[PDB]
Amino acid sequence: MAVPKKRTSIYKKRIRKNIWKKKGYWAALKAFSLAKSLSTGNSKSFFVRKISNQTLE
Amino acid sequence: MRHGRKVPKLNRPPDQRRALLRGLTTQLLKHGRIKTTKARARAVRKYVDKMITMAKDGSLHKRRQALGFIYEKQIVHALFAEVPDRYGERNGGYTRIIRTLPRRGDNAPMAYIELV
Amino acid sequence: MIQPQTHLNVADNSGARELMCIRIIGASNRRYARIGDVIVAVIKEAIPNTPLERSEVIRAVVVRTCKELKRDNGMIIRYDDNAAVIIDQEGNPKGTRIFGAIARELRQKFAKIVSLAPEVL
Amino acid sequence: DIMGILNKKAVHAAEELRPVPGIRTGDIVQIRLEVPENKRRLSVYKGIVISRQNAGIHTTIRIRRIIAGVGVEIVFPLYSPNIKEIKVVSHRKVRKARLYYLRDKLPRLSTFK
Amino acid sequence: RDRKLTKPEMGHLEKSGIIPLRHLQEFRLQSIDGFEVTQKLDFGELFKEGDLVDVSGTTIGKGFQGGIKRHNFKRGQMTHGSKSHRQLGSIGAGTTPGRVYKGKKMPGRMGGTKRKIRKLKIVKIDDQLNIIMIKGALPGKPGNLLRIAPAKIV
RNA sequence: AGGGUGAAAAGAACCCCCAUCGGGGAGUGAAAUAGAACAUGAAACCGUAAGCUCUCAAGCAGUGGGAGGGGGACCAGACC
RNA sequence: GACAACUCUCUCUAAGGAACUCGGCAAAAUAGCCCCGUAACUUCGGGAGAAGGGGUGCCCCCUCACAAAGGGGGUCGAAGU
RNA sequence: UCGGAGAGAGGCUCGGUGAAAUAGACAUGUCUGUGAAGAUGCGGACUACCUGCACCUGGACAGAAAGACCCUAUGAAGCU
RNA sequence: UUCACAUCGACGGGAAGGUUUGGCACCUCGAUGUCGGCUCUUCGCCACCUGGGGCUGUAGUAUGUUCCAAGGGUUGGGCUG
RNA sequence: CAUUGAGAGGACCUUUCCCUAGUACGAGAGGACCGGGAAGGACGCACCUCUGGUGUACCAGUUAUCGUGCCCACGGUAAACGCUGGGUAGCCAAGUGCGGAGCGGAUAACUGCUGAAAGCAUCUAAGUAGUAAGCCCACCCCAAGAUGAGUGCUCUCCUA
RNA sequence: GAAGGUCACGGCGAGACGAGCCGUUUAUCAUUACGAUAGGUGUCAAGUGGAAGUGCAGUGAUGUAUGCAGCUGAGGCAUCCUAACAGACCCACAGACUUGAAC
C-alpha cells in the first residue's frame, strides 16, 4: 500500500534472519532402530517379516 | 479448529471428495499398498473399513448402497468373499498406516496404506 | 416482533381493518414489540361507516404475534398472523367485541380485553 | 452422583417414568391435553385440538406444532413431563404421509385437502 | 496421580492424600487445617444452603475473533457494498495526530480466560458423591475446572 | 550492449566424486592466487573467522572526559 | 495441509420489511404453452405478451394408436413450465 | 433494523521458482511547550526488556504526479 | 401590584474564552483531495437528563435561577446532497 | 507448581408500578420527602440443556439426460448442492442466565455547633461534626519482564 | 550425565503460524498409581424414513402385508483389533564475596 521512507537495510534486515535458524533434522530422535547398521534419521519401517518390500524371499 | 471436527474436506468441493475417494478405495482392495498423503490416509481409512464391515454382514442390503461408492464390479465381490471373511474374528483394524521419507521435491506428508 | 411500520389485522369493530405500526412505546428506544405491549399505529384501510376513519394516529395493544413467545412455565405461544386492538389513552379499547381469540399475556395488563375475548390461549 | 456415567441421563431416566400413550400417533389426532390456566383459577383444565408435525428430542421430548384449526390458526407446541399434564386419549385412526414436516393444511385451508 | 505428573505427587506427601489436577488456595473464613485429618468435603458445613453461589469457568475460544464479533454492531452490505459487512467498519482517522487511540475495539484473538457468573440460586445440592446443580449459565463448556466460590456479594 | 590469458597456447591425457554438467589433484608454463566468467582487477554490495562493546536501555548518536577487557611495550617509568 | 480476522464468488436464513440509501443501486421476484378475460386514450395501426385466473404429472379406456391433441376414470409426492 | 452459519477461490504454514512503488543517513517512544510558529530526532518530564509473526491501519504535511485551481512571465497554441 | 437585583433589566463599562464573521495570507500551488453521510471514537467545559445544595412573588405535585459535579448515558423516521 | 502483591483496564446510565401516606399539605383539584419491594428498556459478557436459524460432508422426494448389458435397483452431471424439504453435533441469534449494587475512607456546593479579633455578633482565624453517581476503596481481568526481578511448598546432583 | 524440559507420534468443545491441555501398546516405580487422547467396531439415542427383494390385488399406474424396515456425519456408553515402538538429544556434578544473627 504505502511506501517506506528511509531504508536502513543494514542491521534491521540481519536481525530478522534469526527466526530462520538452521532447522537441524526437524524430527524426534528416531535413532538406531536396532539391526539397522544406520537407517534414515526420521522413523522408518520397523523390523520383522519382509514387509513394504516389492519382492519377497 | 471446528468444535468436534472430523473427516477433512480437503481443498475441493464435497462432490470432489466422494469422487477421488472412490479411487484409493478400490485400488486398495485390488492391489494392496497405496501411497498417499497423511491426510488422505486418515480419510480413506474410514471410507475403507466402513466398506469392509458391510461385506461382513453380507446380504444384499450391504451391496446396493455399497455399489453407490465403488463402481468396479470386480472389487465389490471381493469384500463379499475375500479379505473381509479373514477379519471375521477381528472386530476392527482393517487398514494400517505408516509414515515414510518426505516427498520428492515437495515437503510432506507421505505414507503407505495396507491391510493388516 | 412488532417493529415499526407493520400490518396488524384488527380484532374488533373499532372501524379499522389493518393498521401500520409507527412507534413502539416503552422506554428510551424500543426495538421490537412482543405480545402485551402497546403500540401507536395508523390505519390504512377501514370501513366507511365507522367511528374511526382512515389515516389516524391511535394507540393499540398487541394481542397476537407471528413470533414464538415464551413464558416462565416453559410454555411457548405463537400464532399465524400478528394482530392488535385499538386502545384508548385511558387503557380500555374503543371497540366492544374482540376477534382472533386472545393471548393470556394480556390478562396481566388488560383484564377486560381478555374477559370479553371468546377463547384464551 | 453415583459413578456410572448415568447421572447426566438420570434426571431424564427418572422423568421418563411417564409412558407415552400413542406409540407415535402420527396423524390428525386432536387431543386436548391440558393447559395451566391460573388467575382466579378454579382448579379447572382446558384443552385444544392438535395435528401432525409430531416432533421430539433425546431429552425433554416435545409434543408437536399444534396448528389447531380453532379460531384463527392456533399453534405453538408444549411438553408432557411438565408439572401440569393430563393423560392423552386417541382421536381418529392414524393415516399415512410424513411425521416431521407438513406446510400443507395451512395455505390449503378448506373443507377438503 | 501417576502418569504425566511425578514431582507434584512426591511434593505432596506432607500429611495428605489423593492429588487433584490443580491445587487452589483460599482466604480466611475460620475452617479446619492440617492437624485433625486434612481433608475438605463438598458440604462446607457453614456456607449455608439456599443462598446463591458464583461460578468461575473458563471462556471458550473463537480463534482470531474479529471486531464485529466482540461488539456485534456494525452495518455493511455484501451483494454490492464495498465494506463486505464483515469488515470492522473501517476505524481510524485520516489526517489527525493523536495516537491511534489504543484500547479501541479491534479483532484480536480469543482463548481460555476466567469468567465468573456470580449470584445464581440453587435447586438441588448433594454431598459425598459430589454433585451440584446451577441455574443455567455455567461459564465455559463442560471440561474446565471452575472455582465455584461461595458468594462475594459484599 | 560487447576490447586484450600467454611469447608460442604446450588452451589442461590420465586419476577421483557426480546424471560420462561441476570441482579437486596429477602435469605443462617464469606465472593458471594468468587457463577459455581468463590480464592489472579498487569501490558500492554480499559473507566467514577473531578481539572488544552489547536486554532495564532510547532520540541524524559524533565529540571531550573516561573504567574495564583481548593483545603488543620497556630488564616500573603508567604509552600504541 | 491448515482452514481464524478479512477479501472475492455463492447457498440457506425466525419476526418485520427498504425502516437503509442521494436514488428500493445491488438482490429477490416475475419469466412455459393453450384457454378465458383485459381500463384511460387513440392520427383508433395500438396498449392487450395490460392487469387479473384455470388446467396441463403419469397410467388406463374411448382407436388392443387416426404422427398429435382432446374428452372420462384411477393413482403418486409438499411441490407437477 | 443485531446478523449468523456453511460450502468454494485467496489469506496462514511448509516445499520449488521468484517482483515493485520508494529510499541522504539511522540505536524512526509518548506528551506539554517551543520552533519561518500542528517535528520522534530542540528543551523539560513521563513511560519503556531485546527481537519476530498475523491483523487493524490514524503519524512520518507517507507514495505516484516540478497540480489540470489562482497569480506571475509585454510565453505559446486554437477560436470569436 | 407595592419592593431595584425570585426572574428580568434601559443609558454605558470592564474581561475571559474562542468553535462565528474578517484581517494577516507568517509555513505548503516539485500539491496537504472540498462538504455531508456512514464506521469507530478521544478530551474539555458555562451538563440538557440522573445525584447532592442555596434563594425563590418555591404550599404540595411540577418549574425559574445559581453553585459543585459529566461517573455514565444522550433516538427512530418523512423531505433535501 | 501454588499465591501474596506494586499498578492498569473494565464495570460504573436509567424509567414505570406497588407498599409506604393517595397521609402531611390544600378551599378544592392535585398529590410527597425518607425508606423498601417488584417488574422492564438500552448495553456488556457468557451460556446456548429450552424456543428458532445455518447444516451444498445425515437421510428422503424428484425433473432432463448419460451410464452400470437389460427390467428393477443405483450412480454421475445440470446458472452458484439441478430444484426442493427436514434434520443430529457444533457454531449463533429474535434464545437462556447474570452483573450494572450496597456498605466504607476522604471531599466539592451547601447546611452545621461553640466561640474569637470587631466586651454583641459571626462556620474557625485555633478545635470538631455531616456532605453526590466525581476522587480512593469495594466487584471483575491482567499483574514482581513493578531486572527496588518478592513469598511459600517440593524434587535432582557430594566421579578424578 | 538426574529432576525437568524439548522433539516426535496419536489427538484436542485450544490455535493463522507458535503457545497451551490430555495421552504415547505394564494404556511410565510401589501401593489399584483410576492411566482408550483419536480412527474403526458393537450397542443405544437422534434425524430421515416405512427402502431392496419377494408375495398378493389391478389391464396398467399404483397400493398392501412383512417394514414404524433399512440406512445412518461429527451425539452417549462400551471396545484400544490398527497407529501411539524399545531408545536419544538438550539440561549437569550441593553451587561467589563481605557482614550480622546462630553453631
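Structure determination for this entry, per the PDB record, employed cryo-EM and reached 9.4 Å resolution.

Q: Let's hear about the protein's contact with RNA strand H: which residues, and what values?
A: What surrounds RNA strand H is a group of 46 residues, the closest being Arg7(A), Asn11(B), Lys74(E), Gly94(E) and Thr96(E). Sugar and phosphate atoms represent 65% of those atoms of RNA strand H found within 4 Å of the protein. In this structure, a phosphate oxygen belonging to RNA strand H sits 2.6 Å away from a main-chain N or O atom of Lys74(E). Here a sugar or linking oxygen of RNA strand H and a backbone polar atom of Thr96(E) are 2.6 Å apart. Looking at the surface near RNA strand H, its residues break down into 21 nonpolar, twelve polar and 13 charged.

Q: Could you give me a rundown of the packing of aromatic side chains, with the residues and numbers involved?
A: The tally for this structure, following the rule as stated, stands at three aromatic pairs over all chains. Between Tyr87(B) and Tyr94(B) the ring centres are 5.5 Å apart and the planes differ by 65°, which places this aromatic pair in the edge-to-face class. Neither residue differs from the other here; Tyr87(B) and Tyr94(B) are each classed as buried. For the cation-ring pair, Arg63(B) lies above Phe80(B), with the distance from its terminal atom to the ring centre recorded as 4.5 Å. A cation sits over an aromatic face here: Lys109(C) above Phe110(C), 6.0 Å from the ring centre.

Q: Account for the pairing of strand β2 (residues 16-24) of chain C, with residues named and values stated.
A: In summary, the side chains of a regular strand alternate between the two faces of the sheet. All names here are of chain C. Bridge count between strand β1 (residues 7-10) and β2: three bridges; the pairing is antiparallel. Bridge pairing links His7 to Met20 in β2. Between β1 and the antiparallel strand that follows it, β2, lie five residues; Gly15 among them carries a positive phi value of about 125°. Judged from the seven bridges that link them, β2 and strand β3 (residues 38-46) form a sheet pairing that is antiparallel. Looking across to β3, one finds that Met20 is bridged to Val42.

Q: Residue-level account of helix α2 (residues 38-57) of chain B, with values.
A: For α2(B), which comprises 20 residues, the first-to-last C-alpha distance of 30 Å matches the rise-based estimate of 28 Å (1.5 Å per residue) to within 8%. One or two steps after α2(B), the chain reaches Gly58(B), where phi turns positive at roughly 60°.

Q: Outline the pattern of salt bridges, listing residues and values.
A: By the definition in use, this model includes 15 salt bridges over all chains. Among the ionic pairs, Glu68(C) bridges to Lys67(C), the shortest N-O distance being 3.5 Å. Classification of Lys67(C) by relative accessible area gives partly exposed; the value is 37%. With a closest N to O distance of 3.9 Å, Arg98(D) and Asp104(D) form a salt bridge. Accessibility expressed as a relative area gives 32% for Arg98(D), which makes it partly exposed. A residue is classified by how much of its surface remains accessible, and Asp104(D), at 43% relative accessible area, is partly exposed. Through salt bridges that share partners, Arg33(B), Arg96(B) and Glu114(B) make up one connected network.

Q: Tell me what's going on with a nonpolar patch on the surface, and back it up with residues and numbers.
A: On the surface, a nonpolar cluster with roughly 370 Å² of combined accessible area is contributed by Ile2(D), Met3(D), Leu6(D) and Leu129(E). Overall, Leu129(E) belongs to the partly exposed group, its relative accessible area being 35%.

Reading the values: the criteria
- Residues numbered from 1 in each chain as written, not as in the entry; some residues may be left out.
- Chains lettered and ligands numbered in written order.
- Part of a larger assembly, values for the part shown.
- Heavy atoms only, no water.
- Near = heavy atom within 4 Å.
- Polar contact = N/O pair within 3.5 Å; in protein donor to acceptor, adjacent residues only side chain to side chain.
- Nonpolar A, V, L, I, M, F, W, Y, C, P; charged D, E, K, R; others polar.
- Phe/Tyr/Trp six-rings, centres within 6.5 Å; stacked < 30°, edge-to-face > 60°.
- Buried < 20%, exposed > 50% of the residue type's maximum accessible area, 1.4 Å probe, protein only.
- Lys NZ or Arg CZ within 6 Å of the ring centre and 35° of its normal.
- Pairing = 2+ DSSP bridges.
- Helix = DSSP H or I, 4+ residues; strand = E, 2+ residues; numbered from the N terminus.
- Expected span 1.5 Å × (residues − 1).
- Salt bridge = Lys/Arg side-chain N within 4 Å of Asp/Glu carboxyl O.
- Patch = residues over 30% accessible without salt bridge, like charges linked within 9 Å, V, L, I, M, F, W, Y side chains within 5 Å.
- Areas by Shrake-Rupley, 256 points an atom, 1.4 Å probe, with all protein chains shown as cover.

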